[PDB]
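Top to bottom, those sequences are chains E, H, L, F and Z. Residue numbers for the first sequence follow the numbering used here, beginning at 1 and rising by one. Residue numbers for the second sequence follow the numbering used here, beginning at 1001 and rising by one. Residue numbers for the third sequence follow the numbering used here, beginning at 2001 and rising by one. Residue numbers for the fourth sequence follow the numbering used here, beginning at 3001 and rising by one. Residue numbers for the fifth sequence follow the numbering used here, beginning at 4001 and rising by one. Using N, Cα and C, we set each Cβ at its ideal position, and we do this for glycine too.
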Amino acid sequence: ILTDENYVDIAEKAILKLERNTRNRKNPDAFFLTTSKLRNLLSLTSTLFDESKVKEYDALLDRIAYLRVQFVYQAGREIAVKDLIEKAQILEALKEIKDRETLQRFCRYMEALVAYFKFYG
Amino acid sequence: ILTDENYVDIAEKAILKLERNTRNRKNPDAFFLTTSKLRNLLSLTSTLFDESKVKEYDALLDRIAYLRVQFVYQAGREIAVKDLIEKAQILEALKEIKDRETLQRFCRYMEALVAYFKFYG
Amino acid sequence: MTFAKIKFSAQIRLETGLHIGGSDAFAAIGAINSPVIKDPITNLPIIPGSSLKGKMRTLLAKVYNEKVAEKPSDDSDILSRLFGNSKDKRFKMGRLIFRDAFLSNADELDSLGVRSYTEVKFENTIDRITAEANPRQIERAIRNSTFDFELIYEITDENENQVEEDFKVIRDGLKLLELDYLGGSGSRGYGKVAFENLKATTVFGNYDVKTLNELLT
Amino acid sequence: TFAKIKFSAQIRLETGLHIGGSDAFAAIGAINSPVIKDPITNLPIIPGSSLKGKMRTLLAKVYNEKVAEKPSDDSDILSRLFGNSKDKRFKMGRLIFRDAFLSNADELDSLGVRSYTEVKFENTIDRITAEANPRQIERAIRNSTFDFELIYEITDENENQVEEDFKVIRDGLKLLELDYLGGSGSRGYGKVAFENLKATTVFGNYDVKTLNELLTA
Amino acid sequence: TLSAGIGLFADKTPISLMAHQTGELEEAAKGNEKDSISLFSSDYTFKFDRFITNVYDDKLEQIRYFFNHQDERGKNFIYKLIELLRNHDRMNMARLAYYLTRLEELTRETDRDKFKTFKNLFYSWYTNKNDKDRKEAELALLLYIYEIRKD
RNA sequence: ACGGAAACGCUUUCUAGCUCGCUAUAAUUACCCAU
């Protein structure tokens, strides 16, 4: 669950809980999750955040249900993405996405994940 | 039947109902359905999902009727595919595929089946 | 009774869909980096009248000045009595009134192959010596959007015989816009405005446009 | 004296070009790297930005001594036609690259065509251990002919050069045939031909009789 | 102590509009704690002792020290810092953390550690709880971008 | 027989100039299975 107050510090604490590359101490603290892998998940959400500002919710919810396909498929393979969606509660946040304000909150919640990934990188 | 809201959690509950390899407990919980077998069914649907975005429905419905050939032929042999199309209501979903929105829904419904197969594997 | 006021109705059915830039705010973290200007209550693309005035003036400025005007006030007396001038106490309250163009065919773009009225174009640059990339996401309106365009001209009693000279200028301003672009990155596409269904009607009485709509062929 | 010069060349492919975008909600086991389409007709298009980005960056090794680090450092024969934002007098210089959409919609048909964009499966093979990594990218098909619509813009500054500024256009229409018009370029992908060029005067009564015959060599 | 009110006007504005709109702008400085400057508007009412040691000499020198000892940044970077300083959502804390880290990647690596001492010091005063140093740097960027504007 | 009366916050102004969705990438690997 994430509200309009806490959808950022949940996303900050999520990135800090991503377990680093403790192996191979040359250039340490790198994440198993990589940048271009995470942007694939953002490009999904950062085209619904645009269309939610223009369209209504009911003419848009077909692409919203396909996020639950994509966030599982991108995490079902290449296990470092599964490390994200279990720690950052992505699949639980898609359970509560019933309105445009929450659609614009989760699509903005993903942008906080990309922000602190780039900051703590 | 599957609508724009429920075409994913039906597909999630379908994969969980696939009976595992309860025999041969070394590396357990493997499915009788395999990955490269399922991708043969997806490559059928994930080339109509491309052409539906470009072409109309009426100049495309010849390949749609041949899905009912393929999903029966691929399941008439090698019975683990028949375990899929009876549990995941594939042949019932092809009865209601009268429009581009439903064509893009079933072809997207198959992608949720491949997603949770890879995730629960 | 030599005060009339006429309107040029038109239809801006464009090609190479246009990017009249709008809110240059600090955008989202992976979203559209430069949106277009929109109606608030419908979120549809508009073409504002100010983007139609300065664009059609500078095209007409290159034809009717006879010297390079370093200011819009330094335009000649045929531009300043249409688009208005602030340094003249005689050419204020300029003759032309340009209104913002809105989507006419919002229903005709519906039931066709497009869904959203704006498409986002992905446009990286390439660094010259190191060949890096820097991806742009410039929103622009879709191809065959048609915009209702209206062009209020005000026949003041000081107009005299200039009414027919202005229509040689406005039609030529509508003919340069069919050659140059309209707003945004025009040397990379984004222009190609076609003005169709050009006709003049008198929204205020006592003027006859019977011998004028042939000029808008 | 003001004039506009249009160049109606025809961009005909030989190897299918891939001017990409990104359909963000693509599919699994489908095209995960599409081409940019027309948003209504869903025909593949060539933008003017991919043309202008390949005209300049191939004429920046030929008509540019003291090779440029940035596009602002182009040595003022290239900046005169391609624009230069870091200059007092070269901003928006004299060329407009309109988008080349599609011409042969029904000449590709009656050759046997299912879709106007083919799909190519491509497989990054890992050298060690022979791992496979497939990808599916779209291409505009082989005999697709596009509508090149470059527009030149003559001011009173152009004097003697006018004609000097077409050999750089003619070579930009020639240095690109030796290269790829965008694409996943190294392998095929836009070995393209610029057929039957034709310059015409669309404004201002300028003669192009001596101008056409230097575009046929 | 004393308390000042400064009002920035154009030329040929009337002095009755000048002396009143700064006369009722020190009244906003007589109500802060009575020991306060107020600059150009009814907000920016900094404590005066805090205005010099934490805006006019602390931050405005370090903003001047950066952009007069580098080459590739400019007014576009300053303007997007002001816009992120005016709004300040909780989302704009993270959105600014991306925007400053993205520009380390873009510099020429002979200025990256110089910019890194700027953004570790800029993002320090942006994310706080006292809400004090934020509007100070919102003001310190105004007086820097005022003094560098060409005609 | 109102510190009143008459008075358009208004005229002029293109969100514009520069910018390649690019870079690397054999649809391939393995040799059996059923009775």
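Around the CB of L:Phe-2091, 16 or more other CB atoms lie within 10 Å, so the residue is classed as buried. For Z:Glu-4136, the enclosing alpha helix (DSSP H) has its first and last residue at 4133-4146.
For H:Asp-1004, the C-beta contacts it makes with chain E under 8 angstroms involve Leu-61, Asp-62 and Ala-65, in order along the chain. At a cut-off of 7 angstroms between beta-carbon atoms, F:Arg-3098 makes contact with chain L. Inter-residue distance for Z:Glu-4138 and Z:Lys-4150 is about 21 angstroms (C-alpha atoms, whole angstroms).
Residue state for E:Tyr-57 is assigned as coil, using DSSP reduced to three classes. At a C-beta separation below 9 angstroms, Z:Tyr-4126 has no neighbours in chain E, since its nearest C-beta there lies roughly 13 angstroms away. Classified as buried, L:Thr-2016 has 16 or more neighbouring CB atoms from the shown chains inside 10 Å of its CB.
Nearest neighbour of L:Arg-2099 by Cα position, chosen from L:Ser-2187, L:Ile-2012 and L:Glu-2214, turns out to be L:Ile-2012. The beta carbon of H:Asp-1050 falls within 7 angstroms of a beta carbon belonging to chain F, placing the residue at that interface.
Any Cβ of chain F closer than 7 angstroms to the Cβ of L:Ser-2187 would place that residue at the interface, and such an atom is present. Beta-bridge partners assigned by DSSP to L:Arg-2013: L:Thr-2146 and L:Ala-2194. By the CB criterion at 7 angstroms, Z:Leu-4025 and Z:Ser-4038 fall inside the cutoff. According to the DSSP assignment, Z:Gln-4021 belongs to the alpha helix (DSSP H) that extends over 4015-4021. Straight through space, the alpha carbons of F:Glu-3195 and F:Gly-3183 are spaced by roughly 20 angstroms.
If you check the CB distance, L:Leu-2216 and L:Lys-2199 come in under 7 angstroms.
When rounded, the separation of the alpha-carbon atoms in E:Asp-99 and E:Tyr-57 is 7 angstroms. Nearest CB-CB separation between L:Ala-2106 and chain E: not below the 7 angstroms threshold.
By the CB criterion at 7 angstroms, L:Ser-2104 and L:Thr-2146 fall inside the cutoff.
Rounded to the nearest whole angstrom, the C-alpha separation of E:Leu-16 and E:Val-69 is 26 angstroms. Not a single CB atom of chain Z sits nearer than 7 angstroms to the CB of E:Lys-53. Leaving aside the five residues that flank H:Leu-1041 on each side, the residues in its chain whose CB is nearer than 7 angstroms to its CB run, in chain order, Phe-1071, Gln-1074 and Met-1110. Put simply, of F:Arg-3139, F:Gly-3093, F:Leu-3173 and F:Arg-3135 the residue whose alpha carbon is nearest the alpha carbon of F:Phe-3148 is F:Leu-3173. In the displayed model, E:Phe-106 falls within a helix according to three-state DSSP.
Contact between the segment 4118-4126 of chain Z and the segment 1009-1023 of chain H is not established, with fewer than three Cβ pairs separated by less than 8 angstroms. Assignment of L:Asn-2134 by DSSP, reduced to helix, strand and coil, places it in the strand class. Around F:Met-3092, the beta-carbon contacts reaching into chain L at under 7 angstroms are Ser-2187. Contact of E:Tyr-73 with chain F is assigned, a C-beta pair being separated by under 7 angstroms. Within chain E, the residues placing a beta-carbon under 9 angstroms from that of Z:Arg-4102 are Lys-118, ordered along the chain. Around the beta carbon of Z:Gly-4023, fewer than 16 other beta carbons sit within 10 angstroms, so the residue counts as exposed. In terms of Cβ geometry, F:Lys-3004 and F:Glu-3153 form a close pair [threshold 7 angstroms].
For F:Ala-3199, the enclosing beta strand (DSSP E) has its first and last residue at 3199-3203.
Using a Cβ-Cβ cut-off of 7 angstroms, Z:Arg-4095 is close to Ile-2029 of chain L, given in chain order. Residue environment analysis places E:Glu-101 among the exposed positions, since fewer than 16 neighbouring C-beta atoms fall within 10 angstroms of its C-beta.
Assignment of F:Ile-3128 by DSSP, reduced to helix, strand and coil, places it in the helix class.
Per DSSP, L:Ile-2097 is one residue of the beta strand (DSSP E) stretching across 2096-2098.
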